[PDB]
Each structure stands twice: as C-alpha cells, then as structure tokens.
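Right, one structure below, let's go through it.
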Amino acid sequence: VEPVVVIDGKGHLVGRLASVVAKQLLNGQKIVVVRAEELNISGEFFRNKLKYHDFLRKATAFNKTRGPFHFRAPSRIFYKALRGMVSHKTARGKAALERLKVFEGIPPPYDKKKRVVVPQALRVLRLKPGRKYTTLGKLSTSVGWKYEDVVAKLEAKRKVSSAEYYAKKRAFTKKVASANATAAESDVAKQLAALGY
Amino acid sequence: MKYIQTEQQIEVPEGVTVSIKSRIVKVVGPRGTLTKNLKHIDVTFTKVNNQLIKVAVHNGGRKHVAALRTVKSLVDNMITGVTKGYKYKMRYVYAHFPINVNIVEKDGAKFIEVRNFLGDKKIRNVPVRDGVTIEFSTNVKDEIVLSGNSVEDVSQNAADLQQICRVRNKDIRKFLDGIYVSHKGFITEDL
Amino acid sequence: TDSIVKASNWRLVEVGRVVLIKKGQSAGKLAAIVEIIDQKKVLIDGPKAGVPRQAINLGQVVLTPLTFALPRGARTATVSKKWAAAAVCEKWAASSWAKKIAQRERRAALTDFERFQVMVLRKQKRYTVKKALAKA
Amino acid sequence: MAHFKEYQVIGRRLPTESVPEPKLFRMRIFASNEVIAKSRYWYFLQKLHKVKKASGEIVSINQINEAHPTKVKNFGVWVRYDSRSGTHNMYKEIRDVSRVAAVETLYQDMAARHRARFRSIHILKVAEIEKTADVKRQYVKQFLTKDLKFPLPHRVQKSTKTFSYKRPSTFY
RNA sequence: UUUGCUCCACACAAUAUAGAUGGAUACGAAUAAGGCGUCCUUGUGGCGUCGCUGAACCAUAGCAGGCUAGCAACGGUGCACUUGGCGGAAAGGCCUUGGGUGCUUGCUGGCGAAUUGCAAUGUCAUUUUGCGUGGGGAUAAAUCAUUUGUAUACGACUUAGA
RNA sequence: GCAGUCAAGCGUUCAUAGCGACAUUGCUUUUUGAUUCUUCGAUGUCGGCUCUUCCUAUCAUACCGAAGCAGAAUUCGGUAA
RNA sequence: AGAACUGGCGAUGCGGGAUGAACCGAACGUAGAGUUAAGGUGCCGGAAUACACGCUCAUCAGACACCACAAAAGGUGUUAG
RNA sequence: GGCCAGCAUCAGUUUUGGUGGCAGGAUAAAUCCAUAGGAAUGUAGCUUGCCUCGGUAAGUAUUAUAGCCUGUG
Ligand SMILES: [Mg+2]
Ligand SMILES: [Mg+2]
Ligand SMILES: [Mg+2]
Ligand SMILES: [Mg+2]
Ligand SMILES: [Mg+2]
Ligand SMILES: [Mg+2]
Ligand SMILES: [Mg+2]
Ligand SMILES: [Mg+2]
Ligand SMILES: [Mg+2]
C-alpha cells in the first residue's frame, strides 16, 4: 500500500523473488530492487557455473552480434529471470518492465529510505538447513564482471554512515520511550487502556 | 531413519579454556590460541561443568550424525594441539645424488629450498606456513622436523614437501628417491 | 577464566507442556500435552476451555514458555485437577503474550464513537509528553 | 484410497432345497464406505472358497468403532504385496491412537517407500502389541524410552502479506 | 530575417496522463540465534525483558474545513528570510543557529451553513508548450562554394584562407 | 561400423599387464539393403579446384594413471577438439 | 504389404494434448444467467507459493497417457524389507 | 410521451450464509461414576555403594503424600 517499494535483495532466491516481483509489476506497482550482488541460488557453485557456460555457447552462428546477449552483472542476471516471467513483446509487457529498477549496492536516493523483504522468497526459511547454495556476486565475477571490489568498498562506506545515523535515532527513541512510560499514569492514560489503545 | 537425538562428549583438561559463540571455537591454552569456524556444520554445543562439553544433533539423518562425530575430533585436536602441540619428522631417501635442503628468505616469507633432487637443475621451493616451525635434526642423518600448534598446517606443510619431490617418466618402483614422512607425533612427552 | 559456551535455549515438546492452538474448532484456546506419538504428532488434552482429548499434528499448535508436572498418559479427570493444581490460567493471563492477544481483540471490538474518544484523548496526552521532551 | 473406516461383513452362499442352512463366513475390511467393503469381501472369498456374488449373499455389514479412541498403542502390521518383479511379505511397525489410523499410515508409507499402490497390497493382520519389549523395529523403539524430550529447531512463520518490514527469526 | 535571445515573478490559453486522493515510517549481521535496557572486570561478559507478524507506529475534530470571545502554556508545526555544517555510486538533497510571521481540537464560549431539493466523480492533482504583462542577464557559430592530400567509388576524412 | 558383459585358448609358473574365440545386451546413420511419403506445368544428375564452419568415436601437441615400465625404445587407459 | 469386428478422419468446427487429419472431452441456429467435462491452479495465464505422510541431491537431476526412445550388467550412495 | 437512472413490493432461474425440530448406529463408540483383577516406560514407602549440610544409589513394592491398563455393570 505504498507508491514505491524497495526490496533489499539479500538472502533471497532469484526465481522465488523474481516470481513475486513480476506479478506486482503487472498489477501496477513501482518496485526497486537494491543490493543485487547478495542474492542466492539453490544448489552448489560448480553446478551453477556450468549452467552459465551452457548459456554462453548459444549464439547466432552466421553473425554473433544479432544473436542472444549474455549480461554478466548480477543486476542483469536477475533482470533476465524476471523478463522471462513477463509478456515482454507486448505494450502491456513493456510498461510492466518500465515500473522496475535494479541496482548493485544501495545508491544515494534509496539509502535514506526504508527497505523491505519478501518472506516467501527468503532462503533462510525456504531451504532446508544443510543444502548448498550460490551467491550471485561470486558467480558473476567468475564469468567476467569487473565491478565486485568497487561495490564491495562503496557498500562498506554507507554501512558506517548508516550505523552512525542509527546510534542517534536509537538514543532519541529512549527519551520518547521514557516519556510515554511516565505519562502512562494520569486518567488520560488509564482511559485509553480501557478503550484499547 | 532420522535419529531423535544423538550426542557426544568433548572432555576438556584442566589447563585450557574453550570459548564458543555462534560456531566460532576459540581455544586458549599454554602453547597459544587456535580458532575455527564451524558455521557450515549445524550443531549445538552445550556446557555442563567446565571440564566436559556436549555436542548434539536433533532429528539428524545418517550423514548429519557422522559430521557430529567429526566436529568432536577437530575440537579435541585444538585442545591437544594448544596443550601438547604437534611434531612431524621426515627423512630423505637416495642412492646416488644426495638431496640438499635449506631454509631461505624471500620478502620475509621463508621457503624450504630443495636442491639436487635426482640430478636436477630446477630449484624446488616450498613456502613455510604461518605458525609452523621447521628445524633440521642433528645426530640423525638426512632428517628434518616440523612442529607447531595446528595439525592442519604442519601435516600440509610436510605433504607439500613430500609432493614437491616426485619422479617423472621413470619406474617409481625402482627410483624410490624422495623426502618421506617417517613419524607423526606430539611436541611434549608423557601424553 | 571459565569456558563460556553459549546455549541455544529451547522450548521442548514433552509430557507436561502447555500449548496454544493455532487453527481448528478450538483455535486460540489453551491445551496441555499428555503423551507423544512420534516427531510430528502428539496427544493433547485441554479439559477446561472446551477442547476434546485428541491426537494433533504439531503443525497445528504453538508451544508456550510454560510447563507443569504430569504423569505419562494421565486421564482427563487427572489432567483437569492437575491444570487447576498448576494455576496456569492466571499465569498465562498475567503474561505479555496474552495481554497483546487481549489488546488486538479489544481494538477490533470498538464502536465508531469510541475511536473518536481515543483521538480526543491521544491529542491530549501528546501535549503533556512533548513538553517533557522539550524540557529534558 | 481414502480416510478409512473398519467394517465387519458376513455371507453364506445361497440357500437350496437339497442343502438348507449354509455356514456363515466372516471378515474385517478397511474401506472408505460400505460399497467398497462389500466388494472387498467378495474379492477375498473368491481367493479361498468356491463362491461368487451371483451364488452368494451378504448377511450383515457392521461398522466397528475403536475401543479406546484416545490411548496410545504400538501396532504390528503384517502385509503381503506385489512389486514389479515378484510378490513379497513384510512386517512393519506403527505407533498411533487407533487401528484405522495405523492402516491410514501404512498405505501412505508403502506408496512412498516401495511404489506399491492400493491394488497391490493385502493387509493380512493388524495386531496391537500389549507388552513392551515385543518391538523388533528400531524407529518405534526410540520413542519408548523414559523421560523423552526433544526441541523443534528452525521455526518458520507463514505470512499473509507479500512484503514484510522486520526480517524474521527462527527461534523457539 | 521587423525588438531577436535567455533566467525569475503572474495573467490567460492550449495539449496531454500505463493512472495522487493522510505518511516510501533509513543500522548491520546472525537464523543449531538475536533485538531492547542495565551493571561492571569493555568481554565470544553478568542480570533483566521482548517476539509467537505492520491487526504496527505516526498523523487524524473546524464551509475541500468559515467569522469571532476568552483560558492555560512558552510547548507543537507550516510559510518566506537567515548562520553554519555534511552529501560525488546516479551527490541536486539532508541537518542546523537566529529572528519575522500565520495558526494551535492543550481547555471554555458567541455567530454562520438550509434550496446541490431522496443518490448522480459532482471537478480542488501534474506534465509540455504557446501567448502577451514587468525585473534582471548575455552579445556567436556551422554548412555550401573555393583550397590541401597524411584521405578518397560517391558521400565521408584530413588541412588552409578578412 | 562402433561399444560393453561372460571369458575358451594364450601370455615358460601364473584367467583379467596385455592378445583376445564364441555367445549374450546396445548405439550409430560416414556402408548396403527394404519401402515408395514428398518432387515428372524440371530441386542441375561424378570427381577435382576453391573456402568457411561444426562433431569426437584424439594421429600429433599439454598434464596424468597402468604395464609381463632397470634405461632407452614401446604398449594400454583418463581429462582435452 | 495383406485380412477380421468395432469406433473414427475423409465430409467437422469448438475445450484439452505448446505445436499436429485420426488421441482425450464434447459434436455447432441467435443472445443472458448458472453448472461442469478432459485438463489444470509459482510467473508467463483465468484458478490454493493449499493441507498431509514420505522418498530423492544428481561436476548430463527430474518432471503427466497416445508421444516424439533406452538395454544387459554393476554401485559399504541412501531407504524399507 | 421520448433519453437515462434510483428506491419499493412481486414472479421465474439461481447463488451464498445464519438457525429450529426429529430419526438411525453396540438404541453411537468415548469421556465421567459405581467395581474385580492386573501389571512396566515404577509414585510414596522401605533397605544397600552411601555421601558437597542432603540427593543420588539398585534393589523391593503392587497406590500409599503420582498414577496407569483390562473385563463387567
Ligand atoms: Mg509415391
Ligand atoms: Mg514450379
Ligand atoms: Mg537451386
Ligand atoms: Mg571426449
Ligand atoms: Mg475425396
Ligand atoms: Mg469431430
Ligand atoms: Mg506434447
Ligand atoms: Mg477412451
Ligand atoms: Mg493468476
């Protein structure tokens, strides 16, 4: 029930996340996925490196240019999977992909704004404890993606500043928590507890 | 069949003090300190009374249980390592050409340098791992001794030296030339 | 220095546990475990609120942080006197969980006129609080 | 097949002038209804005696309710069944509150572990084991130990909303 | 090339909308673990407490929100000024010192609304340009045609010329 | 045509390092048969020259394992086009 | 390639088997409302990321009749006997 | 009397809820109460390695300062 939804894509499974995002877009809902390089995939690394090499060998024989494109960045590996689940050659399907924005890391506009999670795609709950999985930053790098260590440092910059903002908010919420406790005494506090609030 | 619960007992001596949060197993003792990440394994450590700790598995399959017995041993060996320490001894074997081994410096890293293995010009370097301490044994001919806290380091550092000296394109049944691990032991005596 | 191992403390399923039912004909009423069958199913028996004695699947019930003494496989007559002996109803009712349950039930049942009163009172409390934030 | 019940069936050929008053044979069937229960009877009387539904008659078809519906027992179920190759015999070991429930698990289990269908199985004899230490199997025996406690690690929470604002914990 | 060009005020006109109608309400990590408070010996520390969904929290009374008569506070927030900070991943925003100014349902009063006739979204958003009002600001290039050959099928390219 | 399985005889002693008969279970469409679905108001019917690309059932070239591998010289098998 | 009985396509659209003469469902004047068949209910795509007991992890997993293939022979992989 | 609506009482087809009275079965089976026997996943009690101000101890014991099962009413 919000005009933009920002989904911190970390600890998620590509396909299970990808299925909910596609349906939301089609129904009219602006979505923006951040932090794509922390995503996960069921099954061990070596399996999933070999699935990407199977995609690479497919190309238009008479002229490689016109044939299928292989994007290596994790934002665009997630985009592919999501473009699969939308009727993208119609005008309705374009408009749905126009409501979407994917990003490696968390750039300026979106890092002072609340982020949410999709629990039905969240791999901590869905996978059985013991099964193997693949991190989508690691995989991208192994098929040539040359901005892992740039995103690894930029994220470390904002984690520090975000940790500094929270120390001032958490200290301020203690004062507000102490005030609501002491105010909870006079008849105005007792009448709301009867009335429910 | 899924076992309702299985558990083993890590028996701690009097000297050391083993700390565990999440699954990061610190073990401080007389020889030094050792650490180990176990967050890959899925078990619950539980203290009872200082000199005994229980490891447990609940609703575990067959393979899940097996690992539970492994985690006991790795944690046992940190305890025996930091108290007693590990010591591997290796020997050189040859017929015609004697193997010349020597520790050499290179950007403050320390390498074991094997020279004249079987009449070869190629010099063979083996980098010395962090913690392990190599010394060539006096009054025992063609012997070398490695020693330290970790087994995982010492044994690997020995096996590296063992694997640097292989004979290619000959009959190894005949050409039995090399540097072989003779005795695995502890540093301290008694136990 | 001592060892200092952590714990991973848990709510167990055993004889004498008290539980809250998620979904069913009972749904939201307290019950107590009598005897276990296997990993997934157990035998409950809540003698008081209005829940038959039944084998129930652990997917359809939630465990509380409370246990009372009970012999294995005790009959409803024994469990009824044991529950009243345990003094568990007032102990459940005194806790935060049950208070939070009792609140969202009270917020549901709230006539349009009262929701106004609430607004007239919270505006009135707001003023007394924000002066305290202004002072210190 | 379905949520089972237990029935009693009795039948006795048809009567004749040369031989009035035949013999009365009886069985205990597990089925979802009476119509399947009558059919199973005539299936099992054809495997033994020289009779069929044309020559025969049913005398009384009676439901058998459970004797102690809320008491935990240890059943020992024999069973005969067809594989793809041959046709074998077994002894599984089940623990439940009623006989009809033990039969409801046994059919579900033989389907998982062996790919044996309803058609390919004969329940020979379900027998309640009165005494303890008359349990050959291991996976029932674990639960028979004294002062039995066990946790439930890794709790999950089925949500109504698609998005969530907190980030969940798997504590219990 | 008939007072052209540009940014800022308000005045009228057009032409649209993949679709406002209280608030996108900011740690990070773990999940066989943690959050929030507190006390020390600041640690992988002791003690307390929470979860079992945001069913939350914040805002929410006046003609689509009027005109006035008071009380208690020295709070609560908009509107244009103003002092100082931080933000380069796509920063285009965020905090902040000091006045000015409107309101204040934090509490008590005095007026007004009818007739849109028993319902008819009953119109209150935000893009892109035009056109005149009146206050600042700034005073060039490119192509053809001629010319070079580090270039050249033609175009293109590379040079020179008040 | 290519591959297993069982292993007769061999390989001075010795079934299985390696040669490997006959049986029994398959894959291939680079052979030839069998058939006649498409084309008889026409799809240019051998080979060579020229030139790109693909397959691996790998002759060589890289790293390995076995040997009835002292060395040299070989033989068998694995990853790999 | 040639026969026996029945049902069909030919002469026949409509829903299902992605696609298809013959398979499954069902056979058609023109409209409204209800209900189902065969088939289905993560997203494409209208409809349960339903409930329940189990099995399986694969450095070629497996995924719905007709149908678009796989065998002998092996495996202290794991599960029931 | 033309264009378009809203609200009532009615009829035909239908869809989705709340709710009363009866019948059947082992005249439900259970639970629950009156009752005879029985025992191990053994309560109190008793006795022994006993021993960190008292619990453990591994035997006995058939309800006692837990209880449980089976027949019959
Ligand atoms: Mg022809
Ligand atoms: Mg033609
Ligand atoms: Mg041609
Ligand atoms: Mg190959
Ligand atoms: Mg014809
Ligand atoms: Mg037809
Ligand atoms: Mg098909
Ligand atoms: Mg048919
Ligand atoms: Mg849908």
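What follows draws every value from the coordinates through simple rules; no lab data is involved. Neighbour counts run over all protein chains shown; Cβ positions are idealised from the backbone, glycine included.
From the list D:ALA67, D:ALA112, D:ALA127, D:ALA133, which one is surrounded by fewer than 16 Cβ atoms within 10 Å (Cβ to Cβ), more than 14 Å from chain C (Cβ to nearest Cβ) and in a helix (DSSP H, G or I)? Spell out how you get there, then give the answer.
Numbers: D:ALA67 fails: in a helix (DSSP H, G or I); D:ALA127 fails: in a helix (DSSP H, G or I); D:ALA133 fails: in a helix (DSSP H, G or I).
Result: D:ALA112 is the single residue among D:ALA67, D:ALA112, D:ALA127, D:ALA133 that is surrounded by fewer than 16 Cβ atoms within 10 Å (Cβ to Cβ), more than 14 Å from chain C (Cβ to nearest Cβ) and in a helix (DSSP H, G or I).
Any residue that is of a type in the set (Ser, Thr, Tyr) and within 16 Å of RNA strand H (Cβ to nearest atom) - is there at least one of those in the stretch D:162-169?
Keep residues of the stretch D:162-169 that are of a type in the set (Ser, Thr, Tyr), which gives D:162, D:164-165, D:169.
With within 16 Å of RNA strand H (Cβ to nearest atom) added as a condition, the list becomes none.
No: zero hits.
Answer yes or no: is there a residue in the stretch B:54-73 that is within 13 Å of chain C (Cβ to nearest Cβ) and over 13 Å from B:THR6 (Cα atoms).
Step one: of the stretch B:54-73, the residues within 13 Å of chain C (Cβ to nearest Cβ) are B:54-61.
Right, trim to over 13 Å from B:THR6 (Cα atoms) and you get none.
No.
Of the conditions (1) in a helix (DSSP H, G or I); (2) among the hydroxyl-bearing types (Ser, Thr, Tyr); (3) more than 10 Å from every other protein chain (Cβ to nearest Cβ), C:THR64 satisfies every one except a single condition; which number is it?
(1)
Test each condition in (1) facing another protein chain (nearest Cβ under 7 Å); (2) more than 24 Å from C:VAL13 (Cα to Cα); (3) among the acidic types (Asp, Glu) for B:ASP42 and report the one that comes out false.
In the conditions (1) facing another protein chain (nearest Cβ under 7 Å); (2) more than 24 Å from C:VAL13 (Cα to Cα); (3) among the acidic types (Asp, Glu), B:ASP42 misses (2) alone.
Out of all the residues in the stretch D:105-120, is one or more within 16 Å of RNA strand H (Cβ to nearest atom), farther than 19 Å from D:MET27 by Cα, charged (D, E, K, R) and under 12 Å from the mean Cα position of the chain (by Cα)?
Looking for residues that are within 16 Å of RNA strand H (Cβ to nearest atom), farther than 19 Å from D:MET27 by Cα, charged (D, E, K, R) and under 12 Å from the mean Cα position of the chain (by Cα), one finds none in the stretch D:105-120, hence no.
Looking only at helices (runs of 4 or more DSSP H) that fall completely inside the stretch A:70-133, which ones have 3 or more residues that are without any contact (Cβ under 8 Å) to a residue 12 or more places away in the chain?
Values: elements: A:74-83, A:91-98, A:123-126.
Counting at least 3 such residues, we get A:91-98.
Take the stretch D:28-62 and flag every residue that is under 15 Å from the mean Cα position of the chain (by Cα) and of a type outside the set (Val, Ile, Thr).
D:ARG28, D:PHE30, D:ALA31, D:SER32, D:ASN33, D:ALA37, D:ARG40
Within the group A:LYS114, A:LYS101, which residue is surrounded by fewer than 20 Cβ atoms within 10 Å (Cβ to Cβ), under 11 Å from the mean Cα position of the chain (by Cα), of a type outside the set (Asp, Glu) and away from RNA strand H (no atom under 16 Å from the Cβ)? Show your work before the answer.
Details: A:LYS114 fails: under 11 Å from the mean Cα position of the chain (by Cα).
Within the list A:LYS114, A:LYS101, the selection yields A:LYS101.
Of all residues in the stretch C:77-136, which are more than 10 Å from chain A (Cβ to nearest Cβ), surrounded by 13 or more Cβ atoms within 10 Å (Cβ to Cβ) and of a type in the set (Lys, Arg)?
Matches in the stretch C:77-136: C:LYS82, C:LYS91.
Do we find a residue being within 13 Å of RNA strand G (Cβ to nearest atom), on the phi < 0 side of the Ramachandran plot, free of Cβ contacts under 8 Å to residues at least 40 places away in the same chain and touching a strand residue (DSSP E or B) at 6+ places or on another chain (Cβ under 8 Å) anywhere in the stretch A:9-31?
Scanning the stretch A:9-31 turns up at least one residue that is within 13 Å of RNA strand G (Cβ to nearest atom), on the phi < 0 side of the Ramachandran plot, free of Cβ contacts under 8 Å to residues at least 40 places away in the same chain and touching a strand residue (DSSP E or B) at 6+ places or on another chain (Cβ under 8 Å).
Is the stretch B:3-12 home to any residue that is within 30 Å of D:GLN138 (Cα to Cα), among the polar types (S, T, N, Q) and within 12 Å of chain C (Cβ to nearest Cβ)? Lay out the reasoning, then the answer.
Step one: of the stretch B:3-12, the residues within 30 Å of D:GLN138 (Cα to Cα) are B:3-11.
Now drop any that are not among the polar types (S, T, N, Q), which leaves B:5-6, B:8-9.
Keeping just the survivors that are within 12 Å of chain C (Cβ to nearest Cβ) gives B:5.
Among the residues of the stretch B:3-12, at least one is within 30 Å of D:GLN138 (Cα to Cα), among the polar types (S, T, N, Q) and within 12 Å of chain C (Cβ to nearest Cβ), which makes the answer yes.
Would you be able to say whether some residue in the stretch A:175-196 is over 24 Å from the mean Cα position of the chain (by Cα), assigned to a loop (DSSP other than H, G, I, E, B), within 9 Å of another protein chain (Cβ to nearest Cβ) and closer than 29 Å to D:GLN157 by Cα?
Checking the stretch A:175-196: at least one residue is over 24 Å from the mean Cα position of the chain (by Cα), assigned to a loop (DSSP other than H, G, I, E, B), within 9 Å of another protein chain (Cβ to nearest Cβ) and closer than 29 Å to D:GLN157 by Cα.
Are any of the residues in the stretch D:52-63 surrounded by 14 or more Cβ atoms within 10 Å (Cβ to Cβ), more than 16 Å from RNA strand E (Cβ to nearest atom), closer than 22 Å to D:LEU24 by Cβ and of a type in the set (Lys, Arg)?
Taking the stretch D:52-63 and keeping what is surrounded by 14 or more Cβ atoms within 10 Å (Cβ to Cβ), we get D:53, D:56, D:58, D:61.
Now restrict to residues that are more than 16 Å from RNA strand E (Cβ to nearest atom): D:53, D:56, D:58, D:61.
Going one step further and asking which of them are closer than 22 Å to D:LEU24 by Cβ, we end up with D:53, D:56, D:58, D:61.
Subset that is of a type in the set (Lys, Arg): D:53.
Taking every residue of the stretch D:52-63 in turn, at least one turns out to be surrounded by 14 or more Cβ atoms within 10 Å (Cβ to Cβ), more than 16 Å from RNA strand E (Cβ to nearest atom), closer than 22 Å to D:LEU24 by Cβ and of a type in the set (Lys, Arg).
Look through the stretch C:22-37, keep the residues that are within 16 Å of RNA strand G (Cβ to nearest atom) and under 16 Å from D:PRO69 (Cα atoms), and return whichever of them is farthest from the chain's Cα centre (by Cα).
Going through the qualifying residues, I end up with C:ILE37.
What's the total number of residues in the stretch C:50-81 that are more than 13 Å from the chain's Cα centre (by Cα), away from RNA strand G (no atom under 16 Å from the Cβ) and of a type outside the set (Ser, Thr, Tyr)? Give the derivation first.
Filtering the stretch C:50-81 for residues more than 13 Å from the chain's Cα centre (by Cα) gives C:50-60, C:68-81.
After this cut, where a residue has to be away from RNA strand G (no atom under 16 Å from the Cβ) as well, the list is C:50-53, C:68-81.
Now narrow it down to the ones that are of a type outside the set (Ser, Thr, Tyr): C:50-53, C:68-75, C:77, C:79, C:81.
Qualifying residue count for the region: 15.
Could you say whether any residue in the stretch C:50-59 is facing chain D (nearest Cβ under 10 Å), away from RNA strand E (no atom under 12 Å from the Cβ), in contact with a strand residue (DSSP E or B) (Cβ under 8 Å, 6 or more places away or on another chain) and within 25 Å of C:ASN9 (Cβ to Cβ)?
There is at least one residue in the stretch C:50-59 that is facing chain D (nearest Cβ under 10 Å), away from RNA strand E (no atom under 12 Å from the Cβ), in contact with a strand residue (DSSP E or B) (Cβ under 8 Å, 6 or more places away or on another chain) and within 25 Å of C:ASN9 (Cβ to Cβ).
Would you confirm whether or not the stretch C:5-12 contains a residue that is hydrophobic (A, V, I, L, M, F, W, C), out of contact with any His (no Cβ under 7 Å at 6 or more places or on another chain), part of a strand (DSSP E or B) and away from RNA strand F (no atom under 16 Å from the Cβ)? Give the steps one after another, and end with the answer.
Pass one, the stretch C:5-12, residues hydrophobic (A, V, I, L, M, F, W, C): C:5, C:7, C:10, C:12.
Checking which are out of contact with any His (no Cβ under 7 Å at 6 or more places or on another chain) leaves us with C:5, C:7, C:10, C:12.
Still in the list and also part of a strand (DSSP E or B): C:5, C:12.
Among the residues that remain, those that are also away from RNA strand F (no atom under 16 Å from the Cβ) are: C:5, C:12.
The answer is yes, given that some residue of the stretch C:5-12 is hydrophobic (A, V, I, L, M, F, W, C), out of contact with any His (no Cβ under 7 Å at 6 or more places or on another chain), part of a strand (DSSP E or B) and away from RNA strand F (no atom under 16 Å from the Cβ).
Do we find that C:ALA31 is within 30 Å of B:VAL16 (Cβ to Cβ) and either without any contact (Cβ under 8 Å) to a residue 60 or more places away in the chain or in a loop (DSSP other than H, G, I, E, B) (or both) in this structure? Even if it seems obvious, please write down each step before you answer.
Values: within 30 Å of B:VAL16 (Cβ to Cβ): no; either without any contact (Cβ under 8 Å) to a residue 60 or more places away in the chain or in a loop (DSSP other than H, G, I, E, B) (or both): yes.
No: the conditions fail for C:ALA31.
I'd like the full set of residues that are outside any helix (DSSP H, G or I) and under 14 Å from A:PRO74 (Cβ atoms), limited to the stretch A:14-57. Steps first, please.
Residues of the stretch A:14-57 that are outside any helix (DSSP H, G or I), as a first pass: A:27-44, A:57.
A:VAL33, A:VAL34, A:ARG35, A:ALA36, A:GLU37, A:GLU38, A:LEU39, A:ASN40, A:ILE41, listed by residue number.
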